[PDB]
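First up is the structure itself, then whatever we jot down about it.
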Amino acid sequence: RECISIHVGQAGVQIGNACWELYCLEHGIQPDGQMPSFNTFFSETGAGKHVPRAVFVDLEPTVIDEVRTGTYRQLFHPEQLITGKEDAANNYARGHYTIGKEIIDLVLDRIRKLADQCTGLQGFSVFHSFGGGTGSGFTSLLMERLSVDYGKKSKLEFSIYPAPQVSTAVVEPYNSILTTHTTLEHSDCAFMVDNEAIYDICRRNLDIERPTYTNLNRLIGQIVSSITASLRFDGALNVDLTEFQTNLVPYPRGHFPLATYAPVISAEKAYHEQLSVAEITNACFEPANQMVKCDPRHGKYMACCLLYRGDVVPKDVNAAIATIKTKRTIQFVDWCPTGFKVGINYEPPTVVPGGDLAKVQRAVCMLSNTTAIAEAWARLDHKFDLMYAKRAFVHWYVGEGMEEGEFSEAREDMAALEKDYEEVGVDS
Amino acid sequence: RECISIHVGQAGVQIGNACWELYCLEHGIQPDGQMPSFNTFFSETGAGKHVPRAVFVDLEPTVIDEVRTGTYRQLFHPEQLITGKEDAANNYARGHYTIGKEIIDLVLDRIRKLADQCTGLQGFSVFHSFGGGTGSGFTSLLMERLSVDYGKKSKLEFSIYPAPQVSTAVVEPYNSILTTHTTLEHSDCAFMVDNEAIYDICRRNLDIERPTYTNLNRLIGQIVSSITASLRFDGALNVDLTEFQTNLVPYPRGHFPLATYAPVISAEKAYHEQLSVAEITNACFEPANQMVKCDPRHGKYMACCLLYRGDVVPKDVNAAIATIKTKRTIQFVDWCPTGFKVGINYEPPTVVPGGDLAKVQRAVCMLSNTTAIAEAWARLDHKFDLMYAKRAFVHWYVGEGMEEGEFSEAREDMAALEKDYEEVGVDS
Amino acid sequence: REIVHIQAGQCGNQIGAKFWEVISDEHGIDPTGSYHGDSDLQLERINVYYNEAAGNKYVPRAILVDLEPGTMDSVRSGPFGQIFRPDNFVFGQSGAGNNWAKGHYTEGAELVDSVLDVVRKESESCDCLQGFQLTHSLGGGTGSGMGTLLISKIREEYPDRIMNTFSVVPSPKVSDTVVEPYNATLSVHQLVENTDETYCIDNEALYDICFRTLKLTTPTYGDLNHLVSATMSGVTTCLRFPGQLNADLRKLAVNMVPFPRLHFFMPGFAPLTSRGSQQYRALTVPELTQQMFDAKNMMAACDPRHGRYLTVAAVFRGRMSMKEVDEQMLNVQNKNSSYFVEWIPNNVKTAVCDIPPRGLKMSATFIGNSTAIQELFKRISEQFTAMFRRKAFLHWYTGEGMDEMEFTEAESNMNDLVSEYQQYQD
Amino acid sequence: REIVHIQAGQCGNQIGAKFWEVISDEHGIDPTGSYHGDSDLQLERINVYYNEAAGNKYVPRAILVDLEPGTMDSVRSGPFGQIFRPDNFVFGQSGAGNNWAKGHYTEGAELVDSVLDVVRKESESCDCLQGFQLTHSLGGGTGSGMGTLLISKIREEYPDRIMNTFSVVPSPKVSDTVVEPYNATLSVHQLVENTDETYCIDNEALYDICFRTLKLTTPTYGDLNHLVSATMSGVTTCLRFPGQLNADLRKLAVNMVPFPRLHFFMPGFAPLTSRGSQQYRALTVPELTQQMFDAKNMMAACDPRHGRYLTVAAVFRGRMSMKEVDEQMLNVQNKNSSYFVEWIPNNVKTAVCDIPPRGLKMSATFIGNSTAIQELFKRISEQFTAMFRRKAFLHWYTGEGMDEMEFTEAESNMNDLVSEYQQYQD
Ligand SMILES: Nc1nc2c(ncn2[C@@H]2O[C@H](COP(=O)(O)OP(=O)(O)OP(=O)(O)O)[C@@H](O)[C@H]2O)c(=O)[nH]1
Ligand SMILES: Nc1nc2c(ncn2[C@@H]2O[C@H](COP(=O)(O)OP(=O)(O)OP(=O)(O)O)[C@@H](O)[C@H]2O)c(=O)[nH]1
Ligand SMILES: Nc1nc2c(ncn2[C@@H]2O[C@H](COP(=O)(O)OP(=O)(O)O)[C@@H](O)[C@H]2O)c(=O)[nH]1
Ligand SMILES: Nc1nc2c(ncn2[C@@H]2O[C@H](COP(=O)(O)OP(=O)(O)O)[C@@H](O)[C@H]2O)c(=O)[nH]1
Ligand SMILES: [Mg+2]
Ligand SMILES: [Mg+2]
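Listed in order, the protein sequences are those of chains A, B, C and D. So for the first sequence, my numbering puts the first residue at 881; every next one is plus one. So for the second sequence, my numbering puts the first residue at 881; every next one is plus one. So for the third sequence, my numbering puts the first residue at 79; every next one is plus one. So for the fourth sequence, my numbering puts the first residue at 79; every next one is plus one.
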């Protein structure tokens, strides 16, 4: 019943920092590993120290060093903290090939070591970003190997969705297009969120006009914990990760369920207001709490999964579902009946001490696969096209051995993906 | 069994401030929402805090800020307090169109959120003023949307009637004429009062020669509470808001029942004097307590509703009615028999601590639809005409996209309305 | 929500010196720049006129413009010259010399580009501008000349913002420049159609008030510009602070302008009497209304009862009843019905703010738009014609390229405003 | 992971004198060589620029090169000249005299072998080089002449390391050498294809900034080279220190170069204003972005809004929100969309470091690659042609064997860069 977390790149690792901090908060784990009390994620020592079963990869020493100098440096095993010396430079060509390919063997052997520590490997999940060099480059490299060795294990990916308006990486389209090509075909499911959309959540629901990544990742951590800690904890409907895959992936392509999370409420907003299960789920179908800037009303739904924490009575859930099925404007694709996975954990929602979110007594996470995602690809299509037509920055990949045909090909694969969304949109 | 209050504009909000203060006084609600004890208006939290189901709209931060810095800032939910940055400038053209139309979507979504919080929305009422930019401009904009979404719910409006002698808004005729055009057709019933008439009440019955709006709105609040708090409280004849509409609106045009309220008595005037139900109702048919400067003896009655608080015995009421039907000079229109709605609540009348009105043991509110209202329109007709003939101030509307034909049209709609009053006056 | 102010000409620069002083008084801001007040409101709406710079420094959102460093220096040398940042001092070198042509048409034109750049920088610094205000003299070279040029460009950049200006109108008795009516004529020609509204201040009238009701025998321009700033500050504070009525500048503009071209105003102010009588005065709404209506308390050398009143705005500061205000305004309308225009029912409009000016219990600002204003235009136009025929000092102007037919059209345009006042005088 | 820096020419040597000073400031390293800081980070990534010698001595990984001992001596004589080891002073005797031919082609060529040997010794001392950086003038004899020669050999030895250089570009007004455009032309001919990237610094622009925004009336080259070092140090510290974004120099190079030949940069810097206004400034991300975008805060005498922007890098130092940065960069892209090239979606890229420059709360470095750069090339090429036809001072150059056809090809190559900027200007 075990799983492995993999943190690649800054985004992967810094999100991971929040994630493991939250898992410590879930059980009262001390920075040194001492836990007085979740062995699905952790491995126990004779001292009662538990080791989070995870791998941290950075090709630049700095971020891992940040871990190594922080409080959780005692928690993590030195072998889990893997670092190279040089970067990918925002570039798949080095991340996947030239540079990252050198260290990956080590990385894999640490993974395999942990796989041998697992007794019942259920699977794993990889945290990264769609635009970066290691964030997406190295990441896909890893998938190429992991899908061989662990072909039957859960291969869930979580990635930051490139913001349409702000991006620090000029060749991000190129990176992301190459990842599509290689991840679609290897991964089982990839989830993503938009930091821009999140900012809007922070300013509207948390009332914060100063979000940093350390805020943004707390919110992400919430979502992740709902599906990682609480799915291993007790509930009414205990849903596994493999079950998630078995209930969220409808086609052999990928699919890309997007996150939505409600409650996201400031402490003051929690006052004077009573949420019910149904009210929280109402919020879950509002564009306003959509974690990716993509309009839910534009597309049609294919999948939807609702996962519940704390004070949730199935009775209320059932009523809530009835209304979301019938009251809303949620259009859905023919193919699908509304079999929405309901996970119901008794495990209460948790809050980070010193965080922004209010203590809540119940909480709902929503995953959804909508046809509007093709518009996200359309965004990438043109951004890629523009660059590629001019061949701007192309020498930074070509010099590492990339082929122009390959890039065209990858775009075409994306186009095919868009076409399959088109297909799904056609009802039948 | 729920309802929504909507406060638009200063007039709407400052009156609302008095209204919600009175509701707090009705039940002992603390500024923080803690109530130790009316859930038709309020929504309960797990802390026992109740939230007044209302929306506050101001396009200028200041008045809402006044709320936000006062004691009731803890009572109101931050989302209920909606503010823009700029004003309508006394001008429908910006209030309804150019400016207010930008924020209204937010406003509506907060309303809809509350509508979803309602379980049995009975309806709502809107507080504003006939002359202002948001007071009437924005207001009608709102009605345009609310009448779609909530077509079957109560749409009661309350507005300040432009004083014939004092007005601070030079284009008030123009504003009010445009509202007629758009409110007549959308709203169900609009009530109004004249601050000048009220001043006369304050100086003659309360003996106060220094009324401010904070006095004036207390008196308005009294009237409103009689029809809002006490209609949800227990009585002999428990009358609902929908019932009010069903008992006050005779035609599909609008109608405009005017308020009259007796008792309005200073503490010293209460001494040495014993009011009965009948005596209070005698006062209700006196011009002297008429809240709008319009002569009750001029027109003919069409509707009349009497709502009773505290120590009222139907027995006495019946006798009182007999005498008002037969003793008075109240002429009434043929169409109507004297079916005057009697609401009889056991709920006692309440008084604002530190207010001007004397503690009374019983109280009567009167609503009435008289043909004399056409004279009020006549006032507007000429004021509008004068300006419009010269085309004074016209550029302040034209520059926002208003049409001259439209203005003519709106006047004509008013003329038609006057003609319908003429019609009703003709007995048949 | 915010306002940018630009001062120009020696007049405008010295008026602004008092204006900003007062604004900081209103908010408790020290001559050095930091906030040392004591009221919540004092900081709450400070944004309209100040940028808070790091360190709790407030920067007045205004540009000081001139073509002689020395005037600018004298401004800078006093208290509150330190609150302005160096970047708000935009000036050249060599005067204008009270020459429109230099100011507008040629040399001053050169500076305007640098001014405007700073304007743009500030427009970006604001969240949302309500408008702009400029202070200047109608018969001056940089005041009107260069100032006008600037206005035409600002309006172009921001059609949707309020453009108003307060300006010193050549008094019948004291003109300084021989062609002061010429400069004024040209400014009408340019300004009227390039502004939303303009205020008419007469120094002669001001000197009468200061002795007539205030009984003072020593004023300077700083004392008279204090009175000017009282009216200017009166207007914007309400917009800033909580009140009862309708406190928006644009709405004021809407209520005061019945016709696209007739937007000239006569400011007045109450209470405004000597200390001796202050022991014999009563403070009521009728008291303020008596002072407001009285033509002698107008700051413009006009006579509203000679002309007809198109629009009247009565702005009140401090706690007053609504009733009393309504009734007294009605009474005014009633008793002075012979001066009001019949086309506008209830031509007297009000605005109410609950914050009194520092040191007073109550106060009121009178803003009027009468037809009487045309008399000032008539005086100028006439004087202009005489000069026009002789070309007095026009070699200076034509020497800088100003063409006489442009002036001819300017003359017409003055006459047009008069005829339109006649058209609505009836 | 490490960088080697080589300074050459009187310019390069004096710039480096400030550069290294700053780097040691950043890490708390004393002018005598030992570490006396106080932050963990200060030593943690010190490796990129220092070798720790026995005794807790830090040796700057750089070579100082000249052909006159006296300049070297003056460098050595100040603080931080003692931190450099004697072995890093490589110099000859007898100038170059600002002669490319001497520097590159003949005499200076002789010294280069000894320089390179030391370079090799340092390349071995490093664990893993990231790259090399050189500081020099484009129109100088050793700066460009000898320096270029060195670059061609270093690149040859290390194709896989970053080769960049910062160079003083002949300002339109102050050329010192009559054939300064000739030397520059020759350096383009050699450098552009033998470097990964080059930065364009104009002293004239720098002198404008120092008075324009910094309001200073006494700068020297040390004060202007401080500004230069601010940009240089800004770039590498992030690479050194923990941040949020993507802090690798090579990745910067990848994001800023769309085409093999067009790698010229316009550095700029924020915040960068006088102390007076510092009391009136607010420190926000938009504040930095306003200073970064503004062409007047560029250190290159170009005008980015004249040309088109190919790539923009915004590097931030200090704690900022990701949201705010993202949004403001987007806004920039949006509002200045008319200058950006349509082929590159979201052409503004960011990098974020959480360590502020000593003494500031925040700072930002602007790096741009516009087409506007071509204007500098055009000025040089033109001036070159005139000289070319006359052979001004070419007897000195041809006397040392430089052939005119090589110069002819150099001219073409300049024109080629311009045509390629036109090819992507569209
Ligand atoms: N939510 C979130 N997004 C982040 C975080 N850090 C970076 N990102 C986003 O991820 C992308 C940045 O990737 P980089 O940091 O440049 O690169 P990397 O993927 O770590 O790998 P390299 O390019 O080789 O350094 C941008 O789109 C950022 O907005 C973080 O802590 N949280
Ligand atoms: N009874 C009562 N009447 C009020 C109050 N405030 C204002 N009024 C009246 O309502 C009208 C004023 O509207 P304004 O305050 O100018 O404007 P608004 O309707 O709030 O909206 P804007 O014009 O955009 O500011 C006048 O006729 C006032 O006499 C109040 O508190 N109570
Ligand atoms: N109220 C007032 N008027 C002034 C002041 N200074 C000059 N004036 C008037 O302005 C006119 C002269 O224009 P001036 O300001 O010198 O023009 P400029 O300086 O060349 O732009 C005369 O009518 C003066 O009475 C002042 O400080 N206050
Ligand atoms: N910024 C800057 N420029 C310099 C410095 N020294 C010389 N320059 C510039 O360099 C050019 C002259 O080249 P120079 O450095 O004397 O050449 P070399 O010494 O023979 O290699 C002129 O354009 C100068 O402005 C300096 O310390 N800082
Ligand atoms: Mg208002
Ligand atoms: Mg990284």
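The beta carbon of each residue, even a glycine, is placed where N, CA and C say it ideally should be.
Minimum Cα-Cα distance from A/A1049 among the listed residues A/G1013, A/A1077, A/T1059 corresponds to A/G1013.
If you check the C-beta of A/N1075 against ligand 1, you find a heavy atom less than 7 Å away. Contact residues of the segment 1089-1108 of chain A toward chain D are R1090, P1091, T1092, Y1093, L1096 (C-beta to C-beta distance below 7 Å).
Annotation for C/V335: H341 place their beta carbon closer than 6 Å to its own, counting only its chain and skipping 5 residues before and after. For B/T920, not one C-beta of chain A is nearer than 8 Å to its own C-beta. One thing to note: B/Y1030 has its Cβ no nearer than 8 Å to the Cβ of B/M1072. Counting only runs that start and end inside the segment 83-113 of chain D, the alpha helix (DSSP H) elements of at least 4 residues fall at 87-105. For D/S230, the uninterrupted alpha helix (DSSP H) segment begins and ends at 225-235.
In terms of Cβ geometry, B/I962 and B/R992 do not form a close pair [threshold 8 Å].
Counting along the chain, B/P1053 sits inside the alpha helix (DSSP H) bounded by residues 1052-1063. Between B/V1073 and chain C, the shortest Cβ-Cβ separation is not below 8 Å. Residue ranges of uninterrupted beta strand (DSSP E) with 3 or more members, entirely inside the segment 1129-1192 of chain B and ordered along the chain, are 1138-1142, 1181-1190.
Residues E1280, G1281 of the same chain have their beta carbon placed closer than 7 Å to that of B/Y977, with the five preceding and five following residues left out of the count. Remark: the shortest separation between the CB of C/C89 and any heavy atom of ligand 3 falls under 7 Å. Taking a C-beta cut-off of 8 Å against chain B, the contacting residues of the segment 1138-1167 of chain A are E1148, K1149, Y1151, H1152, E1153, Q1154, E1159, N1162, listed in chain order.
In the structure shown, C/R436 adopts coil according to DSSP, grouped into three states. At a cut-off of 8 Å between beta-carbon atoms, D/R397 makes no contact with chain C.
Counting C-beta atoms within 10 angstroms of its own C-beta, D/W178 has 16 or more neighbours from the protein chains shown and is therefore classed as buried. Short note on C/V246: C-beta closer than 7 Å to some heavy atom of ligand 3.
With 6 Å as the limit between CB and the heavy atoms of ligand 6, the residues that fall short of it are A/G889, A/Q890, A/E940, D/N324. DSSP lists C/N447 as the bridge partner or partners of C/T389. In this structure, B/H930 and B/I909 form a Cβ contact; the two beta carbons are roughly 7 Å apart against a cut-off of 8 Å. Within the segment 943-1024 of chain A, the beta strand (DSSP E) runs of at least 3 residues that lie entirely inside it are, in chain order, 961-963, 1001-1009. One finds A131, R163, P164, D165 in chain C with Cβ atoms closer than 8 Å to the Cβ of D/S355, taken in chain order. A distance below 8 Å separates the beta carbons of D/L216 and D/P248.
Between the segment 1141-1148 of chain A and the segment 934-942 of chain A, the count of Cβ pairs shorter than 8 Å is below three; the stretches do not touch.
Under the three-pair Cβ rule at 8 Å, the segment 1239-1258 of chain B counts as touching the segment 1173-1182 of chain B. In the DSSP assignment, C/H341 falls outside any alpha helix (DSSP H), carrying neither H nor E.
Going by beta carbons, C/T428 and C/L323 fall inside the 8 Å limit. Chain-order list of chain A residues neighbouring B/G908: empty, with the shortest C-beta distance near 17 Å, by a criterion of under 7 Å. Within the chosen limit of 7 Å, ligand 4 reaches the beta carbon of D/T220 through at least one heavy atom.
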